[PDB]
Amino acid sequence: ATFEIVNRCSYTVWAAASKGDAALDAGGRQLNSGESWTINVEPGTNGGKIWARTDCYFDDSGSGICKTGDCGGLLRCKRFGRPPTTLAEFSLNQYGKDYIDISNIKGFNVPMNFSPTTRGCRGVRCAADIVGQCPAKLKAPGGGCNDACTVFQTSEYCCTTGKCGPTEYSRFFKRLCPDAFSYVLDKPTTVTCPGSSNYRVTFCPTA
């Protein structure tokens with residue numbers, strides 16, 4: 001599948017693409033305001049994620065740090081990123097269908113539109129001002145709005161046993177963005193698309 005990744009933000013982001021135990025396509029790249037990076041993601045990819053990273057520094061080797069979404073100090077991510085991260089997730093070619101969502105389960109850093117560019121389904125968006133409204137106890141000094149699990153490390157926010165419900169914190173994310181996962185057992189906002197669709201992920205879609 002082909003994913004076009006587009007930075008409509010007024011600031012640079014470093015895009016990242018990974019399935020956890022490796023990169024998707026090259027794994028990451030800088031994106032100045034208005035730039036667009038097309039990647040190829042292998043069919044059948046299960047548990048793939050794309051996100052942005054903000055305020056990064058990388059040396060000549062591609063080693064460094066990011067304030068949000070750091071993936072072990074690499075430009076070219078192999079692993080998932082450090083919360084907080086608005087996540088565009090994708091598991092592909094699963095019994096003939098592709099499944100996508102946007103997730104605030106690992107917090108929110110950048111507003112996001114994740115939409116099919118081919119026919120047969122709808123896109124999802126999370127573009128509210130989650131950073132600006134963020135509860136004080138969830139604010140990440142680095143920038144962004146952390147998830148409750150990240151901050152407090154409890155069975156209830158992390159859904160560790162499998163039995164959790166909404167919390168005050170999940171309902172905050174859910175109010176600013178109905179269409180994204182706010183906690184692990186949230187009513188699913190997954191879109192089922194045609195198998196083998198192509199995608200566009202747009203940072204800061206409004207503008």
# chains A, B, ... in the order shown; residues from 1 in each chain; ligands from 1
call {"tool": "residues_around", "arguments": {"residues": "residue 107 of chain A", "least_positions_apart": "4", "cutoff": "9 Å", "atoms": "only C-alpha atoms", "output": "ChimeraX atom specification"}}
result
/A:83-87,103,138,144-148,150,173,182
call {"tool": "write_last_selection", "arguments": {"atoms": "N, CA, C and O atoms", "output": "compact mmCIF listing (two decimals), in the first residue's frame"}}
result
# COMPACT_ATOMS: atom_id res chain seq x y z
N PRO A 83 5.66 8.30 24.03
CA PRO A 83 4.54 9.23 24.19
C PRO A 83 5.02 10.61 24.62
O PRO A 83 6.07 10.73 25.29
N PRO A 84 4.23 11.63 24.34
CA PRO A 84 2.90 11.63 23.71
C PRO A 84 2.93 11.69 22.16
O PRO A 84 3.79 12.38 21.56
N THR A 85 2.01 10.95 21.54
CA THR A 85 1.94 10.80 20.11
C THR A 85 0.53 10.56 19.63
O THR A 85 -0.03 9.50 19.90
N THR A 86 0.03 11.44 18.78
CA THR A 86 -1.17 11.13 18.03
C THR A 86 -0.77 10.03 17.04
O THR A 86 0.14 10.19 16.28
N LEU A 87 -1.46 8.92 17.11
CA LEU A 87 -1.14 7.75 16.27
C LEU A 87 -2.12 7.47 15.13
O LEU A 87 -3.35 7.32 15.37
N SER A 103 -5.62 7.05 17.18
CA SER A 103 -5.53 6.72 18.64
C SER A 103 -4.81 7.82 19.45
O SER A 103 -3.64 8.17 19.13
N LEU A 138 -1.76 16.19 32.93
CA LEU A 138 -1.31 15.48 31.71
C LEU A 138 -0.31 16.25 30.77
O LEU A 138 0.23 15.66 29.81
N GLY A 144 3.07 18.63 24.17
CA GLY A 144 2.08 17.57 23.97
C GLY A 144 1.28 17.32 25.26
O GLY A 144 1.42 18.03 26.26
N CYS A 145 0.37 16.37 25.13
CA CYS A 145 -0.58 16.00 26.18
C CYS A 145 -0.47 14.52 26.36
O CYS A 145 -0.87 13.74 25.46
N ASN A 146 0.10 14.08 27.48
CA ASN A 146 0.27 12.68 27.76
C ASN A 146 -1.06 11.99 28.04
O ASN A 146 -1.99 12.61 28.57
N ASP A 147 -1.08 10.67 27.72
CA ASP A 147 -2.10 9.76 28.23
C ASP A 147 -2.00 9.55 29.73
O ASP A 147 -0.92 9.73 30.36
N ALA A 148 -3.14 9.15 30.32
CA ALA A 148 -3.18 8.89 31.75
C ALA A 148 -2.34 7.74 32.15
O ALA A 148 -1.79 7.77 33.23
N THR A 150 0.54 6.66 30.80
CA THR A 150 1.87 7.22 30.89
C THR A 150 2.17 7.98 32.14
O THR A 150 3.26 7.78 32.75
N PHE A 173 -9.99 13.44 26.18
CA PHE A 173 -9.57 13.15 24.78
C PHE A 173 -10.83 12.87 23.89
O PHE A 173 -10.93 13.34 22.74
N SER A 182 -9.87 6.77 22.77
CA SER A 182 -9.47 7.52 23.99
C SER A 182 -8.90 6.60 25.08
O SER A 182 -8.27 7.11 26.01
call {"tool": "select_by_dssp", "arguments": {"residues": "segment 51-200 of chain A", "states": "alpha helix (DSSP H)", "output": "list in words"}}
result
residues 130, 131, 132, 133, 148, 149, 150, 151, 152, 155, 156, 157, 158, 168, 169, 170, 171, 172, 173, 174, 175 and 176 of chain A
call {"tool": "write_last_selection", "arguments": {"atoms": "N, CA, C and O atoms", "output": "mmCIF file, in the first residue's frame"}}
result
data_model
loop_
_atom_site.group_PDB
_atom_site.id
_atom_site.type_symbol
_atom_site.label_atom_id
_atom_site.label_comp_id
_atom_site.auth_asym_id
_atom_site.auth_seq_id
_atom_site.Cartn_x
_atom_site.Cartn_y
_atom_site.Cartn_z
ATOM 1 N N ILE A 130 -6.099 19.872 21.421
ATOM 2 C CA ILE A 130 -5.801 19.056 22.579
ATOM 3 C C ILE A 130 -4.619 19.540 23.429
ATOM 4 O O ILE A 130 -4.667 19.362 24.683
ATOM 5 N N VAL A 131 -3.557 20.071 22.808
ATOM 6 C CA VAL A 131 -2.422 20.578 23.561
ATOM 7 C C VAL A 131 -2.789 21.761 24.439
ATOM 8 O O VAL A 131 -2.492 21.760 25.653
ATOM 9 N N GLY A 132 -3.465 22.710 23.811
ATOM 10 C CA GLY A 132 -3.901 23.974 24.431
ATOM 11 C C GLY A 132 -4.897 23.728 25.599
ATOM 12 O O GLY A 132 -4.834 24.398 26.637
ATOM 13 N N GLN A 133 -5.727 22.690 25.472
ATOM 14 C CA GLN A 133 -6.727 22.419 26.496
ATOM 15 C C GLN A 133 -6.341 21.400 27.530
ATOM 16 O O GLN A 133 -7.080 21.132 28.459
ATOM 17 N N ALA A 148 -3.140 9.151 30.323
ATOM 18 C CA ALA A 148 -3.176 8.893 31.746
ATOM 19 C C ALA A 148 -2.342 7.735 32.148
ATOM 20 O O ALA A 148 -1.785 7.770 33.234
ATOM 21 N N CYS A 149 -2.249 6.706 31.304
ATOM 22 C CA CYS A 149 -1.431 5.538 31.591
ATOM 23 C C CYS A 149 0.052 5.908 31.760
ATOM 24 O O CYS A 149 0.722 5.586 32.758
ATOM 25 N N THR A 150 0.544 6.660 30.800
ATOM 26 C CA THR A 150 1.867 7.224 30.885
ATOM 27 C C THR A 150 2.174 7.978 32.136
ATOM 28 O O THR A 150 3.260 7.782 32.748
ATOM 29 N N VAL A 151 1.260 8.819 32.592
ATOM 30 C CA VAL A 151 1.537 9.579 33.785
ATOM 31 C C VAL A 151 1.459 8.691 35.041
ATOM 32 O O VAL A 151 2.382 8.626 35.820
ATOM 33 N N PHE A 152 0.331 8.024 35.224
ATOM 34 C CA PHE A 152 0.004 7.441 36.535
ATOM 35 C C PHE A 152 0.271 5.988 36.704
ATOM 36 O O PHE A 152 0.320 5.492 37.824
ATOM 37 N N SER A 155 -3.551 0.209 36.818
ATOM 38 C CA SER A 155 -4.264 -0.857 36.111
ATOM 39 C C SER A 155 -5.466 -0.271 35.388
ATOM 40 O O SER A 155 -5.757 -0.662 34.271
ATOM 41 N N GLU A 156 -6.148 0.706 36.002
ATOM 42 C CA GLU A 156 -7.323 1.288 35.392
ATOM 43 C C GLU A 156 -7.010 2.072 34.120
ATOM 44 O O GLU A 156 -7.697 1.978 33.153
ATOM 45 N N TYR A 157 -5.965 2.893 34.124
ATOM 46 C CA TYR A 157 -5.685 3.692 32.910
ATOM 47 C C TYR A 157 -4.937 2.829 31.861
ATOM 48 O O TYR A 157 -5.066 3.119 30.670
ATOM 49 N N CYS A 158 -4.162 1.843 32.297
ATOM 50 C CA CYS A 158 -3.368 1.036 31.381
ATOM 51 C C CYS A 158 -4.184 -0.167 30.891
ATOM 52 O O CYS A 158 -3.761 -0.818 29.920
ATOM 53 N N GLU A 168 -12.042 10.174 33.761
ATOM 54 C CA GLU A 168 -12.076 11.640 33.535
ATOM 55 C C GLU A 168 -11.047 12.006 32.368
ATOM 56 O O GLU A 168 -11.303 12.854 31.566
ATOM 57 N N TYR A 169 -9.895 11.381 32.433
ATOM 58 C CA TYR A 169 -8.862 11.646 31.449
ATOM 59 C C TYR A 169 -9.239 11.134 30.074
ATOM 60 O O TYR A 169 -9.100 11.893 29.112
ATOM 61 N N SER A 170 -9.741 9.904 29.942
ATOM 62 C CA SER A 170 -10.154 9.436 28.651
ATOM 63 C C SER A 170 -11.259 10.273 28.066
ATOM 64 O O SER A 170 -11.285 10.516 26.831
ATOM 65 N N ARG A 171 -12.205 10.735 28.907
ATOM 66 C CA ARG A 171 -13.280 11.532 28.435
ATOM 67 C C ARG A 171 -12.857 12.903 27.969
ATOM 68 O O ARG A 171 -13.489 13.453 27.073
ATOM 69 N N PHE A 172 -11.730 13.387 28.444
ATOM 70 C CA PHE A 172 -11.195 14.628 27.915
ATOM 71 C C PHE A 172 -10.781 14.468 26.433
ATOM 72 O O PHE A 172 -11.155 15.276 25.539
ATOM 73 N N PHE A 173 -9.986 13.436 26.175
ATOM 74 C CA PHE A 173 -9.573 13.145 24.780
ATOM 75 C C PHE A 173 -10.828 12.875 23.887
ATOM 76 O O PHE A 173 -10.929 13.339 22.736
ATOM 77 N N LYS A 174 -11.770 12.152 24.414
ATOM 78 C CA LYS A 174 -12.957 11.795 23.655
ATOM 79 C C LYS A 174 -13.859 12.960 23.315
ATOM 80 O O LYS A 174 -14.451 13.024 22.232
ATOM 81 N N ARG A 175 -13.907 13.964 24.200
ATOM 82 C CA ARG A 175 -14.666 15.166 23.968
ATOM 83 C C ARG A 175 -14.046 16.069 22.870
ATOM 84 O O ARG A 175 -14.741 16.664 22.088
ATOM 85 N N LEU A 176 -12.743 16.233 22.872
ATOM 86 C CA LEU A 176 -12.086 17.036 21.838
ATOM 87 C C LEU A 176 -11.987 16.326 20.493
ATOM 88 O O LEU A 176 -11.954 16.962 19.448
#
call {"tool": "atom_distance", "arguments": {"atom1": "atom CA of residue 165 of chain A", "atom2": "atom CA of residue 134 of chain A"}}
result
20.5 Å
call {"tool": "closest_residue", "arguments": {"among": "A:136, A:100, A:193, A:13", "to": "residue 67 of chain A", "atoms": "only C-alpha atoms"}}
result
A:13
call {"tool": "closest_residue", "arguments": {"among": "A:32, A:167, A:154, A:25", "to": "residue 10 of chain A", "atoms": "only C-alpha atoms"}}
result
A:32
call {"tool": "closest_residue", "arguments": {"among": "A:115, A:179, A:201, A:126", "to": "residue 17 of chain A", "atoms": "only C-alpha atoms"}}
result
A:201
call {"tool": "closest_residue", "arguments": {"among": "A:72, A:34, A:94, A:28", "to": "residue 46 of chain A", "atoms": "only C-alpha atoms"}}
result
A:94
call {"tool": "atom_distance", "arguments": {"atom1": "atom CA of residue 19 of chain A", "atom2": "atom CA of residue 111 of chain A"}}
result
21.0 Å
call {"tool": "closest_atom_pairs", "arguments": {"of": "segment 90-151 of chain A", "to": "segment 51-54 of chain A", "cutoff": "12 Å", "atoms": "only C-alpha atoms", "output": "JSON lines"}}
result
{"residue": "A:90", "atom": "CA", "partner": "A:51", "partner_atom": "CA", "distance": 11.5}
{"residue": "A:102", "atom": "CA", "partner": "A:51", "partner_atom": "CA", "distance": 10.0}
{"residue": "A:103", "atom": "CA", "partner": "A:51", "partner_atom": "CA", "distance": 10.3}
{"residue": "A:104", "atom": "CA", "partner": "A:51", "partner_atom": "CA", "distance": 11.2}
{"residue": "A:106", "atom": "CA", "partner": "A:51", "partner_atom": "CA", "distance": 10.9}
{"residue": "A:107", "atom": "CA", "partner": "A:51", "partner_atom": "CA", "distance": 11.4}
{"residue": "A:108", "atom": "CA", "partner": "A:51", "partner_atom": "CA", "distance": 9.9}
{"residue": "A:109", "atom": "CA", "partner": "A:52", "partner_atom": "CA", "distance": 7.8}
{"residue": "A:110", "atom": "CA", "partner": "A:52", "partner_atom": "CA", "distance": 6.9}
{"residue": "A:111", "atom": "CA", "partner": "A:52", "partner_atom": "CA", "distance": 9.5}
{"residue": "A:112", "atom": "CA", "partner": "A:51", "partner_atom": "CA", "distance": 8.8}
{"residue": "A:113", "atom": "CA", "partner": "A:51", "partner_atom": "CA", "distance": 11.1}
{"residue": "A:114", "atom": "CA", "partner": "A:51", "partner_atom": "CA", "distance": 10.7}
{"residue": "A:142", "atom": "CA", "partner": "A:54", "partner_atom": "CA", "distance": 9.2}
{"residue": "A:143", "atom": "CA", "partner": "A:54", "partner_atom": "CA", "distance": 8.3}
{"residue": "A:144", "atom": "CA", "partner": "A:54", "partner_atom": "CA", "distance": 9.3}
call {"tool": "write_last_selection", "arguments": {"atoms": "C-alpha atoms", "output": "mmCIF file, in the first residue's frame"}}
result
data_model
loop_
_atom_site.group_PDB
_atom_site.id
_atom_site.type_symbol
_atom_site.label_atom_id
_atom_site.label_comp_id
_atom_site.auth_asym_id
_atom_site.auth_seq_id
_atom_site.Cartn_x
_atom_site.Cartn_y
_atom_site.Cartn_z
ATOM 1 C CA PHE A 90 -3.002 0.473 10.293
ATOM 2 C CA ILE A 102 -6.522 7.243 14.970
ATOM 3 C CA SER A 103 -5.527 6.725 18.644
ATOM 4 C CA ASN A 104 -4.901 9.133 21.584
ATOM 5 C CA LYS A 106 -0.516 7.212 23.836
ATOM 6 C CA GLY A 107 -1.397 10.878 24.139
ATOM 7 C CA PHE A 108 -1.521 13.664 21.541
ATOM 8 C CA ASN A 109 1.208 15.833 20.069
ATOM 9 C CA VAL A 110 0.075 16.911 16.579
ATOM 10 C CA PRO A 111 -3.379 17.188 14.938
ATOM 11 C CA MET A 112 -3.990 14.472 12.293
ATOM 12 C CA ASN A 113 -6.235 13.454 9.358
ATOM 13 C CA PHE A 114 -5.928 9.790 8.233
ATOM 14 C CA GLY A 142 8.525 18.592 26.334
ATOM 15 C CA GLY A 143 5.306 19.555 24.544
ATOM 16 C CA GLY A 144 2.083 17.569 23.972
#
call {"tool": "atom_distance", "arguments": {"atom1": "atom CA of residue 3 of chain A", "atom2": "atom CA of residue 38 of chain A"}}
result
5.7 Å
call {"tool": "residues_around", "arguments": {"residues": "residue 30 of chain A", "least_positions_apart": "3", "cutoff": "9 Å", "atoms": "only C-alpha atoms", "output": "PyMOL selection string"}}
result
chain A and resi 12-15+35+75
call {"tool": "select_by_dssp", "arguments": {"residues": "segment 106-155 of chain A", "states": "strand (DSSP E or B)", "output": "ChimeraX atom specification"}}
result
/A:108,112-116,124-126,139,145
call {"tool": "write_last_selection", "arguments": {"atoms": "N, CA, C and O atoms", "output": "PDB file, in the first residue's frame"}}
result
ATOM      1  N   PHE A 108      -1.295  12.839  22.719  1.00  0.00           N
ATOM      2  CA  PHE A 108      -1.521  13.664  21.541  1.00  0.00           C
ATOM      3  C   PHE A 108      -0.451  14.716  21.485  1.00  0.00           C
ATOM      4  O   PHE A 108      -0.166  15.427  22.459  1.00  0.00           O
ATOM      5  N   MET A 112      -4.207  15.590  13.224  1.00  0.00           N
ATOM      6  CA  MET A 112      -3.990  14.472  12.293  1.00  0.00           C
ATOM      7  C   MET A 112      -5.281  14.158  11.522  1.00  0.00           C
ATOM      8  O   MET A 112      -6.352  14.063  12.151  1.00  0.00           O
ATOM      9  N   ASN A 113      -5.180  13.893  10.233  1.00  0.00           N
ATOM     10  CA  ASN A 113      -6.235  13.454   9.358  1.00  0.00           C
ATOM     11  C   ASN A 113      -5.661  12.175   8.702  1.00  0.00           C
ATOM     12  O   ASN A 113      -4.545  12.163   8.291  1.00  0.00           O
ATOM     13  N   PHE A 114      -6.388  11.076   8.765  1.00  0.00           N
ATOM     14  CA  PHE A 114      -5.928   9.790   8.233  1.00  0.00           C
ATOM     15  C   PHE A 114      -7.075   9.225   7.400  1.00  0.00           C
ATOM     16  O   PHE A 114      -8.133   8.843   7.940  1.00  0.00           O
ATOM     17  N   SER A 115      -6.914   9.277   6.066  1.00  0.00           N
ATOM     18  CA  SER A 115      -8.037   9.085   5.091  1.00  0.00           C
ATOM     19  C   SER A 115      -7.578   8.197   3.911  1.00  0.00           C
ATOM     20  O   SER A 115      -6.495   8.432   3.373  1.00  0.00           O
ATOM     21  N   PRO A 116      -8.492   7.314   3.434  1.00  0.00           N
ATOM     22  CA  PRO A 116      -8.244   6.561   2.183  1.00  0.00           C
ATOM     23  C   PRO A 116      -8.274   7.525   1.000  1.00  0.00           C
ATOM     24  O   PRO A 116      -8.995   8.531   1.035  1.00  0.00           O
ATOM     25  N   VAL A 124     -10.785   9.477   9.031  1.00  0.00           N
ATOM     26  CA  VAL A 124     -10.925   9.859  10.426  1.00  0.00           C
ATOM     27  C   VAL A 124     -10.025  11.105  10.664  1.00  0.00           C
ATOM     28  O   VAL A 124      -9.036  11.308   9.960  1.00  0.00           O
ATOM     29  N   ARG A 125     -10.369  11.968  11.622  1.00  0.00           N
ATOM     30  CA  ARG A 125      -9.579  13.130  11.907  1.00  0.00           C
ATOM     31  C   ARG A 125      -9.589  13.386  13.422  1.00  0.00           C
ATOM     32  O   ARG A 125     -10.624  13.197  14.076  1.00  0.00           O
ATOM     33  N   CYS A 126      -8.462  13.834  13.928  1.00  0.00           N
ATOM     34  CA  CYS A 126      -8.350  14.365  15.285  1.00  0.00           C
ATOM     35  C   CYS A 126      -7.566  15.661  15.180  1.00  0.00           C
ATOM     36  O   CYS A 126      -6.299  15.659  15.222  1.00  0.00           O
ATOM     37  N   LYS A 139      -0.147  17.543  30.990  1.00  0.00           N
ATOM     38  CA  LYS A 139       0.773  18.340  30.147  1.00  0.00           C
ATOM     39  C   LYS A 139       2.150  17.821  30.139  1.00  0.00           C
ATOM     40  O   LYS A 139       2.712  17.564  31.162  1.00  0.00           O
ATOM     41  N   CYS A 145       0.368  16.371  25.126  1.00  0.00           N
ATOM     42  CA  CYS A 145      -0.577  15.997  26.184  1.00  0.00           C
ATOM     43  C   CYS A 145      -0.466  14.517  26.360  1.00  0.00           C
ATOM     44  O   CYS A 145      -0.865  13.745  25.462  1.00  0.00           O
TER      45      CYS A 145
END
call {"tool": "closest_residue", "arguments": {"among": "A:164, A:159, A:65, A:127", "to": "residue 178 of chain A", "atoms": "only C-alpha atoms"}}
result
A:127
call {"tool": "decode", "arguments": {"residues": "segment 57-165 of chain A", "atoms": "C-alpha atoms", "output": "PDB file, in the first residue's frame"}}
result
ATOM      1  CA  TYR A  57      17.989  17.061  16.596  1.00  0.00           C
ATOM      2  CA  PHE A  58      19.901  14.387  14.496  1.00  0.00           C
ATOM      3  CA  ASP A  59      23.704  14.244  13.799  1.00  0.00           C
ATOM      4  CA  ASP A  60      25.257  13.092  10.514  1.00  0.00           C
ATOM      5  CA  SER A  61      24.771   9.395  11.476  1.00  0.00           C
ATOM      6  CA  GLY A  62      20.988   9.921  12.004  1.00  0.00           C
ATOM      7  CA  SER A  63      21.273   9.676  15.865  1.00  0.00           C
ATOM      8  CA  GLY A  64      19.829  12.245  18.206  1.00  0.00           C
ATOM      9  CA  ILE A  65      16.689  13.117  20.201  1.00  0.00           C
ATOM     10  CA  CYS A  66      13.072  14.395  19.702  1.00  0.00           C
ATOM     11  CA  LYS A  67      10.883  16.083  22.357  1.00  0.00           C
ATOM     12  CA  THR A  68       7.909  14.122  21.341  1.00  0.00           C
ATOM     13  CA  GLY A  69       7.747  10.676  19.703  1.00  0.00           C
ATOM     14  CA  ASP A  70      11.421   9.742  20.058  1.00  0.00           C
ATOM     15  CA  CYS A  71      12.047   6.228  18.792  1.00  0.00           C
ATOM     16  CA  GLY A  72      15.323   5.373  20.538  1.00  0.00           C
ATOM     17  CA  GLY A  73      17.180   8.371  19.205  1.00  0.00           C
ATOM     18  CA  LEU A  74      16.990   7.345  15.501  1.00  0.00           C
ATOM     19  CA  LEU A  75      15.915   9.411  12.462  1.00  0.00           C
ATOM     20  CA  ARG A  76      14.896   6.264  10.776  1.00  0.00           C
ATOM     21  CA  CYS A  77      12.584   4.664  13.352  1.00  0.00           C
ATOM     22  CA  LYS A  78      12.562   0.914  13.886  1.00  0.00           C
ATOM     23  CA  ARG A  79      10.559   0.968  17.102  1.00  0.00           C
ATOM     24  CA  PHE A  80       7.459   2.891  18.330  1.00  0.00           C
ATOM     25  CA  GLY A  81       7.819   6.370  19.680  1.00  0.00           C
ATOM     26  CA  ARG A  82       7.903   7.837  23.110  1.00  0.00           C
ATOM     27  CA  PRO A  83       4.536   9.225  24.194  1.00  0.00           C
ATOM     28  CA  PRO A  84       2.896  11.634  23.709  1.00  0.00           C
ATOM     29  CA  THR A  85       1.942  10.796  20.106  1.00  0.00           C
ATOM     30  CA  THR A  86      -1.166  11.132  18.035  1.00  0.00           C
ATOM     31  CA  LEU A  87      -1.145   7.753  16.266  1.00  0.00           C
ATOM     32  CA  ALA A  88      -2.407   6.832  12.805  1.00  0.00           C
ATOM     33  CA  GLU A  89      -2.498   3.043  13.012  1.00  0.00           C
ATOM     34  CA  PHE A  90      -3.002   0.473  10.293  1.00  0.00           C
ATOM     35  CA  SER A  91      -3.255  -3.313  10.062  1.00  0.00           C
ATOM     36  CA  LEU A  92      -3.413  -4.341   6.466  1.00  0.00           C
ATOM     37  CA  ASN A  93      -4.803  -7.230   4.358  1.00  0.00           C
ATOM     38  CA  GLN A  94      -6.564  -8.891   7.176  1.00  0.00           C
ATOM     39  CA  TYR A  95      -8.922 -11.381   5.645  1.00  0.00           C
ATOM     40  CA  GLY A  96      -9.477  -9.250   2.676  1.00  0.00           C
ATOM     41  CA  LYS A  97      -9.981  -5.896   4.444  1.00  0.00           C
ATOM     42  CA  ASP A  98      -7.773  -3.047   5.738  1.00  0.00           C
ATOM     43  CA  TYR A  99      -8.511  -1.557   9.216  1.00  0.00           C
ATOM     44  CA  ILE A 100      -7.415   1.938  10.264  1.00  0.00           C
ATOM     45  CA  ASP A 101      -7.849   4.233  13.241  1.00  0.00           C
ATOM     46  CA  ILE A 102      -6.522   7.243  14.970  1.00  0.00           C
ATOM     47  CA  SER A 103      -5.527   6.725  18.644  1.00  0.00           C
ATOM     48  CA  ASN A 104      -4.901   9.133  21.584  1.00  0.00           C
ATOM     49  CA  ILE A 105      -4.169   6.077  23.825  1.00  0.00           C
ATOM     50  CA  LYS A 106      -0.516   7.212  23.836  1.00  0.00           C
ATOM     51  CA  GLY A 107      -1.397  10.878  24.139  1.00  0.00           C
ATOM     52  CA  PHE A 108      -1.521  13.664  21.541  1.00  0.00           C
ATOM     53  CA  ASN A 109       1.208  15.833  20.069  1.00  0.00           C
ATOM     54  CA  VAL A 110       0.075  16.911  16.579  1.00  0.00           C
ATOM     55  CA  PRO A 111      -3.379  17.188  14.938  1.00  0.00           C
ATOM     56  CA  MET A 112      -3.990  14.472  12.293  1.00  0.00           C
ATOM     57  CA  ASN A 113      -6.235  13.454   9.358  1.00  0.00           C
ATOM     58  CA  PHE A 114      -5.928   9.790   8.233  1.00  0.00           C
ATOM     59  CA  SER A 115      -8.037   9.085   5.091  1.00  0.00           C
ATOM     60  CA  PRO A 116      -8.244   6.561   2.183  1.00  0.00           C
ATOM     61  CA  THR A 117      -7.267   8.024  -1.221  1.00  0.00           C
ATOM     62  CA  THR A 118      -9.013   5.171  -2.992  1.00  0.00           C
ATOM     63  CA  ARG A 119     -12.654   4.296  -2.944  1.00  0.00           C
ATOM     64  CA  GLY A 120     -14.885   2.442  -0.470  1.00  0.00           C
ATOM     65  CA  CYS A 121     -14.594   4.025   3.038  1.00  0.00           C
ATOM     66  CA  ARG A 122     -14.274   7.269   4.952  1.00  0.00           C
ATOM     67  CA  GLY A 123     -11.355   8.902   6.779  1.00  0.00           C
ATOM     68  CA  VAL A 124     -10.925   9.859  10.426  1.00  0.00           C
ATOM     69  CA  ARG A 125      -9.579  13.130  11.907  1.00  0.00           C
ATOM     70  CA  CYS A 126      -8.350  14.365  15.285  1.00  0.00           C
ATOM     71  CA  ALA A 127      -7.565  18.067  14.934  1.00  0.00           C
ATOM     72  CA  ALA A 128      -8.890  19.824  17.997  1.00  0.00           C
ATOM     73  CA  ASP A 129      -6.620  21.887  20.195  1.00  0.00           C
ATOM     74  CA  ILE A 130      -5.801  19.056  22.579  1.00  0.00           C
ATOM     75  CA  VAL A 131      -2.422  20.578  23.561  1.00  0.00           C
ATOM     76  CA  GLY A 132      -3.901  23.974  24.431  1.00  0.00           C
ATOM     77  CA  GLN A 133      -6.727  22.419  26.496  1.00  0.00           C
ATOM     78  CA  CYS A 134      -4.728  19.666  28.090  1.00  0.00           C
ATOM     79  CA  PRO A 135      -5.398  19.026  31.833  1.00  0.00           C
ATOM     80  CA  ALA A 136      -2.509  20.300  33.937  1.00  0.00           C
ATOM     81  CA  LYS A 137      -1.633  16.830  35.258  1.00  0.00           C
ATOM     82  CA  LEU A 138      -1.309  15.483  31.705  1.00  0.00           C
ATOM     83  CA  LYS A 139       0.773  18.340  30.147  1.00  0.00           C
ATOM     84  CA  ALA A 140       4.094  17.125  28.874  1.00  0.00           C
ATOM     85  CA  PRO A 141       6.823  19.777  29.552  1.00  0.00           C
ATOM     86  CA  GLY A 142       8.525  18.592  26.334  1.00  0.00           C
ATOM     87  CA  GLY A 143       5.306  19.555  24.544  1.00  0.00           C
ATOM     88  CA  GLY A 144       2.083  17.569  23.972  1.00  0.00           C
ATOM     89  CA  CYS A 145      -0.577  15.997  26.184  1.00  0.00           C
ATOM     90  CA  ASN A 146       0.271  12.683  27.759  1.00  0.00           C
ATOM     91  CA  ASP A 147      -2.095   9.758  28.227  1.00  0.00           C
ATOM     92  CA  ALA A 148      -3.176   8.893  31.746  1.00  0.00           C
ATOM     93  CA  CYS A 149      -1.431   5.538  31.591  1.00  0.00           C
ATOM     94  CA  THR A 150       1.867   7.224  30.885  1.00  0.00           C
ATOM     95  CA  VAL A 151       1.537   9.579  33.785  1.00  0.00           C
ATOM     96  CA  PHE A 152       0.004   7.441  36.535  1.00  0.00           C
ATOM     97  CA  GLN A 153       0.788   3.875  35.668  1.00  0.00           C
ATOM     98  CA  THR A 154      -2.393   2.325  37.078  1.00  0.00           C
ATOM     99  CA  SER A 155      -4.264  -0.857  36.111  1.00  0.00           C
ATOM    100  CA  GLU A 156      -7.323   1.288  35.392  1.00  0.00           C
ATOM    101  CA  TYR A 157      -5.685   3.692  32.910  1.00  0.00           C
ATOM    102  CA  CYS A 158      -3.368   1.036  31.381  1.00  0.00           C
ATOM    103  CA  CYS A 159      -6.223  -1.587  31.099  1.00  0.00           C
ATOM    104  CA  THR A 160      -3.670  -4.069  32.274  1.00  0.00           C
ATOM    105  CA  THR A 161      -6.089  -6.896  33.151  1.00  0.00           C
ATOM    106  CA  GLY A 162      -8.597  -6.196  30.461  1.00  0.00           C
ATOM    107  CA  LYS A 163     -11.524  -4.849  32.539  1.00  0.00           C
ATOM    108  CA  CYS A 164     -11.235  -1.052  32.603  1.00  0.00           C
ATOM    109  CA  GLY A 165     -13.785   1.689  31.928  1.00  0.00           C
TER     110      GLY A 165
END
